[PDB]
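Containing PDB, C-alpha atoms (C1' of nucleotides): model_36.pdb.
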```
ATOM      1  CA  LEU A   1     -77.261 180.884 195.453  1.00  0.00           C
ATOM      2  CA  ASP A   2     -74.240 183.171 195.908  1.00  0.00           C
ATOM      3  CA  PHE A   3     -70.833 182.600 194.281  1.00  0.00           C
ATOM      4  CA  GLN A   4     -69.099 185.924 194.933  1.00  0.00           C
ATOM      5  CA  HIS A   5     -65.301 185.851 194.552  1.00  0.00           C
ATOM      6  CA  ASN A   6     -64.769 182.219 193.558  1.00  0.00           C
ATOM      7  CA  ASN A   7     -62.668 182.395 190.342  1.00  0.00           C
ATOM      8  CA  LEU A   8     -65.171 180.684 188.040  1.00  0.00           C
ATOM      9  CA  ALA A   9     -63.818 182.399 184.903  1.00  0.00           C
ATOM     10  CA  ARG A  10     -62.118 179.507 183.101  1.00  0.00           C
ATOM     11  CA  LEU A  11     -64.969 177.099 183.913  1.00  0.00           C
ATOM     12  CA  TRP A  12     -67.119 178.758 181.226  1.00  0.00           C
ATOM     13  CA  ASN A  13     -62.113 175.194 176.057  1.00  0.00           C
ATOM     14  CA  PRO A  14     -61.157 172.779 178.870  1.00  0.00           C
ATOM     15  CA  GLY A  15     -62.761 169.741 177.279  1.00  0.00           C
ATOM     16  CA  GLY A  16     -66.074 171.527 176.816  1.00  0.00           C
ATOM     17  CA  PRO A  17     -67.828 174.086 179.004  1.00  0.00           C
ATOM     18  CA  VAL A  18     -69.603 172.871 182.126  1.00  0.00           C
ATOM     19  CA  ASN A  19     -73.388 173.217 181.773  1.00  0.00           C
ATOM     20  CA  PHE A  20     -73.878 174.469 185.312  1.00  0.00           C
ATOM     21  CA  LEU A  21     -77.405 175.260 186.542  1.00  0.00           C
ATOM     22  CA  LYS A  22     -78.965 172.285 184.750  1.00  0.00           C
ATOM     23  CA  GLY A  23     -82.693 172.250 185.482  1.00  0.00           C
ATOM     24  CA  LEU A  24     -82.532 174.539 188.535  1.00  0.00           C
ATOM     25  CA  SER A  25     -86.077 175.832 188.191  1.00  0.00           C
ATOM     26  CA  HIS A  26     -86.809 177.113 191.705  1.00  0.00           C
ATOM     27  CA  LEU A  27     -83.739 179.346 192.088  1.00  0.00           C
ATOM     28  CA  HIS A  28     -84.791 182.937 192.777  1.00  0.00           C
ATOM     29  CA  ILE A  29     -81.610 185.050 192.915  1.00  0.00           C
ATOM     30  CA  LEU A  30     -78.242 184.163 191.373  1.00  0.00           C
ATOM     31  CA  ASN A  31     -75.102 186.090 192.328  1.00  0.00           C
ATOM     32  CA  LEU A  32     -71.708 185.491 190.690  1.00  0.00           C
ATOM     33  CA  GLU A  33     -70.132 188.894 191.266  1.00  0.00           C
ATOM     34  CA  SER A  34     -66.361 189.356 190.897  1.00  0.00           C
ATOM     35  CA  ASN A  35     -65.387 185.987 189.441  1.00  0.00           C
ATOM     36  CA  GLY A  36     -63.455 187.280 186.423  1.00  0.00           C
ATOM     37  CA  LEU A  37     -65.701 185.630 183.827  1.00  0.00           C
ATOM     38  CA  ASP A  38     -64.481 186.418 180.309  1.00  0.00           C
ATOM     39  CA  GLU A  39     -66.854 184.516 178.001  1.00  0.00           C
ATOM     40  CA  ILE A  40     -70.319 183.098 178.704  1.00  0.00           C
ATOM     41  CA  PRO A  41     -71.236 180.232 176.332  1.00  0.00           C
ATOM     42  CA  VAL A  42     -74.741 179.749 175.000  1.00  0.00           C
ATOM     43  CA  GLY A  43     -77.134 177.310 176.636  1.00  0.00           C
ATOM     44  CA  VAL A  44     -76.081 177.959 180.235  1.00  0.00           C
ATOM     45  CA  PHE A  45     -79.163 179.790 181.602  1.00  0.00           C
ATOM     46  CA  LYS A  46     -81.667 177.283 180.200  1.00  0.00           C
ATOM     47  CA  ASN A  47     -84.606 176.041 182.311  1.00  0.00           C
ATOM     48  CA  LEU A  48     -84.220 179.016 184.697  1.00  0.00           C
ATOM     49  CA  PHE A  49     -87.748 180.402 184.467  1.00  0.00           C
ATOM     50  CA  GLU A  50     -88.336 181.466 188.088  1.00  0.00           C
ATOM     51  CA  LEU A  51     -84.962 183.208 188.448  1.00  0.00           C
ATOM     52  CA  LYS A  52     -85.293 186.863 189.443  1.00  0.00           C
ATOM     53  CA  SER A  53     -81.815 188.380 189.897  1.00  0.00           C
ATOM     54  CA  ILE A  54     -78.480 188.051 188.091  1.00  0.00           C
ATOM     55  CA  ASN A  55     -75.358 189.786 189.431  1.00  0.00           C
ATOM     56  CA  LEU A  56     -72.207 189.341 187.321  1.00  0.00           C
ATOM     57  CA  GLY A  57     -70.471 192.566 188.317  1.00  0.00           C
ATOM     58  CA  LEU A  58     -66.756 193.199 188.804  1.00  0.00           C
ATOM     59  CA  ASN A  59     -65.902 190.869 185.908  1.00  0.00           C
ATOM     60  CA  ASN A  60     -64.419 191.266 182.406  1.00  0.00           C
ATOM     61  CA  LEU A  61     -67.260 190.456 179.994  1.00  0.00           C
ATOM     62  CA  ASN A  62     -67.090 191.809 176.445  1.00  0.00           C
ATOM     63  CA  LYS A  63     -68.025 188.763 174.340  1.00  0.00           C
ATOM     64  CA  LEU A  64     -71.821 188.717 174.674  1.00  0.00           C
ATOM     65  CA  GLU A  65     -73.058 185.742 172.672  1.00  0.00           C
ATOM     66  CA  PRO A  66     -76.540 185.948 171.120  1.00  0.00           C
ATOM     67  CA  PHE A  67     -79.494 184.423 172.975  1.00  0.00           C
ATOM     68  CA  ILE A  68     -77.645 184.053 176.279  1.00  0.00           C
ATOM     69  CA  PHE A  69     -80.782 184.953 178.269  1.00  0.00           C
ATOM     70  CA  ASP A  70     -83.705 183.047 176.734  1.00  0.00           C
ATOM     71  CA  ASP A  71     -85.574 181.670 179.766  1.00  0.00           C
ATOM     72  CA  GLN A  72     -84.981 184.833 181.845  1.00  0.00           C
ATOM     73  CA  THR A  73     -88.477 186.158 181.189  1.00  0.00           C
ATOM     74  CA  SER A  74     -89.067 186.715 184.932  1.00  0.00           C
ATOM     75  CA  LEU A  75     -85.835 188.585 185.700  1.00  0.00           C
ATOM     76  CA  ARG A  76     -86.340 191.423 188.183  1.00  0.00           C
ATOM     77  CA  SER A  77     -82.851 192.905 188.652  1.00  0.00           C
ATOM     78  CA  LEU A  78     -79.828 192.617 186.353  1.00  0.00           C
ATOM     79  CA  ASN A  79     -76.431 193.760 187.643  1.00  0.00           C
ATOM     80  CA  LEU A  80     -73.441 194.034 185.298  1.00  0.00           C
ATOM     81  CA  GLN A  81     -71.602 197.052 186.709  1.00  0.00           C
ATOM     82  CA  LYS A  82     -67.813 197.482 186.649  1.00  0.00           C
ATOM     83  CA  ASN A  83     -67.429 195.085 183.711  1.00  0.00           C
ATOM     84  CA  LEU A  84     -65.853 195.332 180.253  1.00  0.00           C
ATOM     85  CA  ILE A  85     -69.128 195.569 178.314  1.00  0.00           C
ATOM     86  CA  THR A  86     -68.681 197.500 175.060  1.00  0.00           C
ATOM     87  CA  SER A  87     -71.963 197.034 173.160  1.00  0.00           C
ATOM     88  CA  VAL A  88     -75.534 196.263 174.231  1.00  0.00           C
ATOM     89  CA  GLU A  89     -77.361 194.226 171.583  1.00  0.00           C
ATOM     90  CA  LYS A  90     -81.102 193.597 171.455  1.00  0.00           C
ATOM     91  CA  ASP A  91     -80.800 189.848 170.821  1.00  0.00           C
ATOM     92  CA  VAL A  92     -78.730 189.430 174.011  1.00  0.00           C
ATOM     93  CA  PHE A  93     -80.563 191.623 176.548  1.00  0.00           C
ATOM     94  CA  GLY A  94     -84.077 191.448 175.090  1.00  0.00           C
ATOM     95  CA  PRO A  95     -85.934 188.872 177.199  1.00  0.00           C
ATOM     96  CA  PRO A  96     -84.272 190.013 180.462  1.00  0.00           C
ATOM     97  CA  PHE A  97     -85.441 193.581 179.727  1.00  0.00           C
ATOM     98  CA  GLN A  98     -89.108 192.651 179.194  1.00  0.00           C
ATOM     99  CA  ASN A  99     -90.017 193.084 182.879  1.00  0.00           C
ATOM    100  CA  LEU A 100     -86.781 194.274 184.492  1.00  0.00           C
ATOM    101  CA  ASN A 101     -87.252 196.469 187.570  1.00  0.00           C
ATOM    102  CA  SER A 102     -83.700 197.669 188.314  1.00  0.00           C
ATOM    103  CA  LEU A 103     -80.693 197.757 185.976  1.00  0.00           C
ATOM    104  CA  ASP A 104     -77.051 198.409 186.893  1.00  0.00           C
ATOM    105  CA  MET A 105     -74.251 198.511 184.305  1.00  0.00           C
ATOM    106  CA  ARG A 106     -72.214 201.487 185.507  1.00  0.00           C
ATOM    107  CA  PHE A 107     -68.422 201.820 185.225  1.00  0.00           C
ATOM    108  CA  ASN A 108     -68.292 200.103 181.834  1.00  0.00           C
ATOM    109  CA  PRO A 109     -66.318 201.088 178.709  1.00  0.00           C
ATOM    110  CA  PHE A 110     -69.401 201.854 176.630  1.00  0.00           C
ATOM    111  CA  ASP A 111     -68.949 202.548 172.914  1.00  0.00           C
ATOM    112  CA  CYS A 112     -71.063 205.512 171.775  1.00  0.00           C
ATOM    113  CA  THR A 113     -71.644 204.184 168.261  1.00  0.00           C
ATOM    114  CA  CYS A 114     -74.659 203.435 166.085  1.00  0.00           C
ATOM    115  CA  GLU A 115     -74.137 199.661 166.143  1.00  0.00           C
ATOM    116  CA  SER A 116     -73.605 199.480 169.922  1.00  0.00           C
ATOM    117  CA  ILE A 117     -75.958 201.660 171.984  1.00  0.00           C
ATOM    118  CA  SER A 118     -78.722 202.676 169.553  1.00  0.00           C
ATOM    119  CA  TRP A 119     -81.103 199.977 170.790  1.00  0.00           C
ATOM    120  CA  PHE A 120     -79.966 200.552 174.379  1.00  0.00           C
ATOM    121  CA  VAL A 121     -80.441 204.323 174.066  1.00  0.00           C
ATOM    122  CA  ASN A 122     -83.920 203.811 172.606  1.00  0.00           C
ATOM    123  CA  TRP A 123     -84.812 201.400 175.419  1.00  0.00           C
ATOM    124  CA  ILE A 124     -83.560 203.838 178.069  1.00  0.00           C
ATOM    125  CA  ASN A 125     -85.572 206.634 176.447  1.00  0.00           C
ATOM    126  CA  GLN A 126     -88.733 204.499 176.406  1.00  0.00           C
ATOM    127  CA  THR A 127     -88.537 202.558 179.683  1.00  0.00           C
ATOM    128  CA  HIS A 128     -89.392 203.166 183.336  1.00  0.00           C
ATOM    129  CA  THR A 129     -86.694 200.921 184.825  1.00  0.00           C
ATOM    130  CA  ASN A 130     -85.172 202.331 188.015  1.00  0.00           C
ATOM    131  CA  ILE A 131     -81.471 202.934 187.306  1.00  0.00           C
ATOM    132  CA  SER A 132     -79.211 204.726 189.785  1.00  0.00           C
ATOM    133  CA  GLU A 133     -76.420 207.064 188.639  1.00  0.00           C
ATOM    134  CA  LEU A 134     -77.527 206.647 185.024  1.00  0.00           C
ATOM    135  CA  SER A 135     -76.298 210.074 183.891  1.00  0.00           C
ATOM    136  CA  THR A 136     -73.045 210.076 185.914  1.00  0.00           C
ATOM    137  CA  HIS A 137     -71.304 206.675 185.704  1.00  0.00           C
ATOM    138  CA  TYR A 138     -72.345 205.709 182.154  1.00  0.00           C
ATOM    139  CA  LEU A 139     -69.862 207.798 180.165  1.00  0.00           C
ATOM    140  CA  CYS A 140     -68.509 206.290 176.956  1.00  0.00           C
ATOM    141  CA  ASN A 141     -64.833 205.465 176.461  1.00  0.00           C
ATOM    142  CA  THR A 142     -64.646 205.617 172.641  1.00  0.00           C
ATOM    143  CA  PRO A 143     -64.382 207.378 170.245  1.00  0.00           C
ATOM    144  CA  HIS A 144     -62.474 210.531 171.187  1.00  0.00           C
ATOM    145  CA  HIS A 145     -65.396 212.780 170.224  1.00  0.00           C
ATOM    146  CA  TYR A 146     -67.785 210.793 172.442  1.00  0.00           C
ATOM    147  CA  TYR A 147     -65.249 210.073 175.193  1.00  0.00           C
ATOM    148  CA  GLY A 148     -66.575 211.119 178.588  1.00  0.00           C
ATOM    149  CA  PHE A 149     -70.063 211.744 177.206  1.00  0.00           C
ATOM    150  CA  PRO A 150     -73.391 210.899 178.888  1.00  0.00           C
ATOM    151  CA  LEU A 151     -75.037 207.746 177.568  1.00  0.00           C
ATOM    152  CA  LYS A 152     -78.623 208.979 177.948  1.00  0.00           C
ATOM    153  CA  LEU A 153     -77.948 212.101 175.843  1.00  0.00           C
ATOM    154  CA  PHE A 154     -77.389 210.171 172.602  1.00  0.00           C
ATOM    155  CA  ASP A 155     -79.336 210.952 169.427  1.00  0.00           C
ATOM    156  CA  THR A 156     -80.578 207.899 167.513  1.00  0.00           C
ATOM    157  CA  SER A 157     -82.117 209.902 164.650  1.00  0.00           C
ATOM    158  CA  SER A 158     -79.123 208.984 162.457  1.00  0.00           C
ATOM    159  CA  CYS A 159     -79.485 205.262 163.274  1.00  0.00           C
ATOM    160  CA  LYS A 160     -81.841 202.523 162.036  1.00  0.00           C
TER     161      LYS A 160
ATOM    162  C1'   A B   1      15.212  56.802 144.574  1.00  0.00           C
ATOM    163  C1'   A B   2      18.242  61.572 144.546  1.00  0.00           C
ATOM    164  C1'   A B   3      20.681  66.205 142.617  1.00  0.00           C
ATOM    165  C1'   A B   4      21.091  70.154 139.425  1.00  0.00           C
ATOM    166  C1'   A B   5      20.951  74.375 134.008  1.00  0.00           C
ATOM    167  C1'   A B   6      18.243  77.198 129.731  1.00  0.00           C
ATOM    168  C1'   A B   7      12.102  77.779 128.861  1.00  0.00           C
ATOM    169  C1'   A B   8       6.547  78.428 129.905  1.00  0.00           C
ATOM    170  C1'   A B   9       2.527  78.662 133.392  1.00  0.00           C
ATOM    171  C1'   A B  10      -0.276  78.634 138.496  1.00  0.00           C
ATOM    172  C1'   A B  11      -0.943  79.291 144.231  1.00  0.00           C
ATOM    173  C1'   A B  12      -0.301  80.954 150.080  1.00  0.00           C
ATOM    174  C1'   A B  13       2.355  84.862 152.967  1.00  0.00           C
ATOM    175  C1'   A B  14       5.417  89.663 153.908  1.00  0.00           C
ATOM    176  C1'   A B  15       7.095  94.559 152.537  1.00  0.00           C
ATOM    177  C1'   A B  16       5.818  98.417 148.652  1.00  0.00           C
ATOM    178  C1'   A B  17       4.436 102.346 144.468  1.00  0.00           C
ATOM    179  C1'   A B  18       0.474 104.576 141.256  1.00  0.00           C
ATOM    180  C1'   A B  19      -4.832 105.385 140.078  1.00  0.00           C
ATOM    181  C1'   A B  20     -10.550 105.510 141.003  1.00  0.00           C
ATOM    182  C1'   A B  21     -13.078 106.334 145.183  1.00  0.00           C
ATOM    183  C1'   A B  22     -15.688 106.326 150.331  1.00  0.00           C
ATOM    184  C1'   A B  23     -15.847 107.506 155.596  1.00  0.00           C
ATOM    185  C1'   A B  24     -13.894 109.922 160.666  1.00  0.00           C
ATOM    186  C1'   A B  25     -11.035 114.097 162.663  1.00  0.00           C
ATOM    187  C1'   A B  26      -8.811 119.065 161.868  1.00  0.00           C
ATOM    188  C1'   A B  27      -8.359 124.096 159.127  1.00  0.00           C
ATOM    189  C1'   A B  28     -10.100 128.153 156.621  1.00  0.00           C
ATOM    190  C1'   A B  29     -14.078 131.187 153.098  1.00  0.00           C
ATOM    191  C1'   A B  30     -19.332 132.209 152.134  1.00  0.00           C
ATOM    192  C1'   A B  31     -25.238 131.828 153.263  1.00  0.00           C
ATOM    193  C1'   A B  32     -27.951 131.843 157.402  1.00  0.00           C
ATOM    194  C1'   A B  33     -30.097 131.429 163.090  1.00  0.00           C
ATOM    195  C1'   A B  34     -30.887 132.144 168.657  1.00  0.00           C
ATOM    196  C1'   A B  35     -29.518 135.116 172.161  1.00  0.00           C
ATOM    197  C1'   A B  36     -26.791 137.873 177.152  1.00  0.00           C
ATOM    198  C1'   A B  37     -23.897 142.925 176.777  1.00  0.00           C
ATOM    199  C1'   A B  38     -23.766 147.711 172.910  1.00  0.00           C
ATOM    200  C1'   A B  39     -24.393 152.191 170.190  1.00  0.00           C
ATOM    201  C1'   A B  40     -27.722 156.119 166.989  1.00  0.00           C
ATOM    202  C1'   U B  41     -32.316 158.764 164.102  1.00  0.00           C
ATOM    203  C1'   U B  42     -37.768 159.907 165.042  1.00  0.00           C
ATOM    204  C1'   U B  43     -42.324 160.558 167.791  1.00  0.00           C
ATOM    205  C1'   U B  44     -44.453 160.279 172.602  1.00  0.00           C
ATOM    206  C1'   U B  45     -45.206 159.387 178.424  1.00  0.00           C
ATOM    207  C1'   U B  46     -43.976 159.779 184.004  1.00  0.00           C
ATOM    208  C1'   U B  47     -41.259 162.521 187.805  1.00  0.00           C
ATOM    209  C1'   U B  48     -37.970 166.640 190.117  1.00  0.00           C
ATOM    210  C1'   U B  49     -36.316 171.852 189.869  1.00  0.00           C
ATOM    211  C1'   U B  50     -37.316 176.420 187.847  1.00  0.00           C
ATOM    212  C1'   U B  51     -39.244 180.576 183.518  1.00  0.00           C
ATOM    213  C1'   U B  52     -43.509 183.449 181.176  1.00  0.00           C
ATOM    214  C1'   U B  53     -49.001 184.869 180.678  1.00  0.00           C
ATOM    215  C1'   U B  54     -54.069 185.197 182.672  1.00  0.00           C
ATOM    216  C1'   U B  55     -58.035 184.805 186.808  1.00  0.00           C
ATOM    217  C1'   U B  56     -59.068 184.924 191.793  1.00  0.00           C
ATOM    218  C1'   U B  57     -58.347 184.081 198.237  1.00  0.00           C
ATOM    219  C1'   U B  58     -55.628 186.094 202.825  1.00  0.00           C
ATOM    220  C1'   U B  59     -52.734 190.042 204.833  1.00  0.00           C
ATOM    221  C1'   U B  60     -50.478 195.026 204.535  1.00  0.00           C
ATOM    222  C1'   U B  61     -50.116 200.308 202.687  1.00  0.00           C
ATOM    223  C1'   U B  62     -51.924 205.179 200.058  1.00  0.00           C
ATOM    224  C1'   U B  63     -55.958 208.442 198.532  1.00  0.00           C
ATOM    225  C1'   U B  64     -61.303 209.864 198.447  1.00  0.00           C
ATOM    226  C1'   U B  65     -66.783 209.578 200.365  1.00  0.00           C
ATOM    227  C1'   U B  66     -69.975 208.822 204.500  1.00  0.00           C
ATOM    228  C1'   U B  67     -71.430 207.678 209.798  1.00  0.00           C
ATOM    229  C1'   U B  68     -70.985 207.341 215.550  1.00  0.00           C
ATOM    230  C1'   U B  69     -68.688 208.854 220.298  1.00  0.00           C
ATOM    231  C1'   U B  70     -64.908 212.003 223.390  1.00  0.00           C
ATOM    232  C1'   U B  71     -60.878 216.683 223.873  1.00  0.00           C
ATOM    233  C1'   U B  72     -63.011 220.558 222.626  1.00  0.00           C
ATOM    234  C1'   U B  73     -61.926 226.346 220.176  1.00  0.00           C
ATOM    235  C1'   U B  74     -65.714 229.684 219.164  1.00  0.00           C
ATOM    236  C1'   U B  75     -69.980 232.044 218.918  1.00  0.00           C
ATOM    237  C1'   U B  76     -75.336 235.506 217.468  1.00  0.00           C
ATOM    238  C1'   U B  77     -80.442 236.020 219.848  1.00  0.00           C
ATOM    239  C1'   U B  78     -82.052 235.197 224.576  1.00  0.00           C
ATOM    240  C1'   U B  79     -83.031 233.229 229.808  1.00  0.00           C
ATOM    241  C1'   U B  80     -80.855 233.520 234.529  1.00  0.00           C
ATOM    242  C1'   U B  81     -79.870 234.273 240.251  1.00  0.00           C
TER     243        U B  81
END
```
Could you write out this structure as C-alpha cells?
Amino acid sequence: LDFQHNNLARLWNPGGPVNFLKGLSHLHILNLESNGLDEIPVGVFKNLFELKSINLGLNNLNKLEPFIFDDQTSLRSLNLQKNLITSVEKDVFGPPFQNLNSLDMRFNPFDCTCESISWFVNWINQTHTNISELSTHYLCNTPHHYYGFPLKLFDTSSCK
RNA sequence: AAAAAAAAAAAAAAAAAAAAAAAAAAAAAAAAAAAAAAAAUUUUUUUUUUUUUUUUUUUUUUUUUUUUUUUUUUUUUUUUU
C-alpha cells in the first residue's frame, strides 16, 4: 500500500481521528512519504503484525506519542528521513528496533541532549543495523555547542 | 213637569306639571380579547462575494550531484606501409 503525496496530515481534532488500517494483518510494506503528517495519535498501527516497512519521510513529525508502534515487532525497514524529529525515545521506537534491518532518519533537526538521544546513541553504538550516511546527514541543530555535530560521536557517560 | 244661587261628595274623556322607577337607541371613560400591517434587544442557521493561517497536486525557473551519446581540442609509449 503506497500513499505518497496525498495530503493525509489533518486526517490524523476533526470529530475524532480516523482509525485507518483497522485489522489489516497481511499488509507487508506501508508507504506514506511526503504527506505532511504533524501528529500521529495512539492506537493507529494496531493489529499490524506482518507489516515490514514504514516510510513516513518528507513530513513534519515532532510529537511522537508513546507506544505508537506496539504491534510492529516484525518491522524490517523504518524510514523517517527529512522530518522534524527532535528526540528519539525508547518507549516510542523500541519494538520497531527489535529486529530492524535498515534505518533512515537523516536530515532531521536532532537535539544533542541527554533526554533526547542518549538511548538512541546507545542503540546506535550497540546495534548492527545498516544505516547509510549515518555520520554525515545526522548533525544536530541545537544547542549552539552541539550544532553541526555528528550524532554517532556522542558520549553517554554523563547520562543515565 | 221645568228653570236657576250659596254648600258637600262621586264618575267617563282631553290637555298638563312633579316624583319613584324600568326598557330601546346614541355618546364618552376604564378593564379586557382576536387578529391583518409595524418597529427594537439577544442568541443561532442557510446562501453570495472576498480576507488571514496551515498541508499537499500540476506547471515553470535557479543552483548542485551523477549517467549516456555526438562536435571534438590535445596528447605520452608504441605499431605501421
Could you tell me how far CA of residue 43 (chain A) lies from CA of residue 108 (chain A), in Å and to one decimal?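 Pair CA of residue 43 (chain A) / CA of residue 108 (chain A) returns 25.0 Å.
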Give me the residues within 7 Å of region 120-135 of chain A as an NGL selection string, counting only C-alpha atoms (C1' of nucleotides) and dropping any in the same chain fewer than 5 places off. :A and (88 or 100-104 or 150-152 or 154)
Just so the selection is clear, what residues does the PyMOL selection byres ((chain B) within 10 of (chain A)) cover here, as a PyMOL selection string? chain B and resi 54-57
Neighbour residues at most 8 Å from (-71.4, 173.2, 179.7) (all atoms listed in the file) as a list in words: residues 12, 16, 17, 18, 19, 20, 41, 43 and 44 of chain A
Record the distance separating CA of residue 25 (chain A) and CA of residue 60 (chain A), expressed in Å with one decimal.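 Calculated distance between CA of residue 25 (chain A) and CA of residue 60 (chain A) is 27.2 Å.
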Would you kindly return, as a list in words, each protein, DNA or RNA residue with an atom no farther than 12 Å from any atom of residue 51 (chain A), considering all atoms listed in the file and excluding same-chain residues fewer than 4 positions away?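 Contacts, with the query itself left out: residues 1, 21, 23, 24, 25, 26, 27, 28, 29, 30, 31, 45, 46, 47, 55, 69, 70, 71, 72, 73, 74, 75, 76, 77, 78, 96 and 100 of chain A.
Reported to one decimal place, the separation of CA of residue 105 (chain A) from CA of residue 82 (chain A) is 6.9 Å.
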Specify as number ranges by chain each residue included when the PyMOL selection byres ((chain A and resi 85) around 9) is applied to this file. A: 60-64, 80-84, 86-88, 105, 108-111
